[PDB]
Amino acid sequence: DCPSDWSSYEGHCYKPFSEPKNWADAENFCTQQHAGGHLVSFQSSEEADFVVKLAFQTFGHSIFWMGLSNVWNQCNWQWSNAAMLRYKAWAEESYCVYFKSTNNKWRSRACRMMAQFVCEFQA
């Protein structure tokens, strides 16, 4: 089985945390909870369903970080008038992905902000 404080799903172990942290701190914190630990990653709707329910049954309604960061930083941002991108006035520098314990839909939040989270590792 997985460590007593974690839950098992198809060979992997998951564990939700109630202490809020920004994305980076959450990811780093996960690497310290167990060898191979990382923020939870959803490779299927079934895995997402398991984690969403686990998160809700543990801490109820809230938002939890998933392991996807800087989602639009690498995009090819272009001006419609063909002007080259030089000057920048972004309100936020990067967005990260999270889910609300009500359903498995993906949502975005500035990485610098806080949120609960779920860690995962392969047993």
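Rigid core here is just the name for the largest C-alpha set that superposes within 1.5 Å across the two forms. Don't overthink the numbering: it's just position in the shown sequence, from 1.
**OP:** Going by root mean square C-alpha distance after a core fit, say whether 25-33 or 82-90 is farther from the shown form in 5 other deposited structures of this protein.
**Re:** The more displaced stretch in 5 other deposited structures of this protein turns out to be 82-90.
Original post:
Between 91-99 and 22-30, which has the higher average C-alpha B-factor in the PDB entry?
Top reply: Between 22-30 and 91-99, it is 22-30 that shows the higher mean C-alpha B-factor.
Subject >> Mean Cα B-factor comparison, 40-48 or 58-66, giving the higher one as deposited >> reply: On average, C-alpha B-factors are higher across 58-66.
**OP:** Name the third of the chain's ranked CA B-factors that contains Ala123, choosing lowest, middle or highest.
**Re:** Highest third.
Original post:
Split the chain's modelled residues into thirds by Cα B-factor; is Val71 in the lowest, middle or highest one?
Top reply: It falls in the bottom third of the chain.
Subject >> CA B-factor placement of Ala110, once the chain's modelled residues are sorted into thirds >> reply: Tercile = lowest for this residue's CA B-factor.
Original post:
If you rank every modelled residue in this chain by C-alpha B factor, which third holds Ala83: lowest, middle or highest?
Top reply: Middle third.
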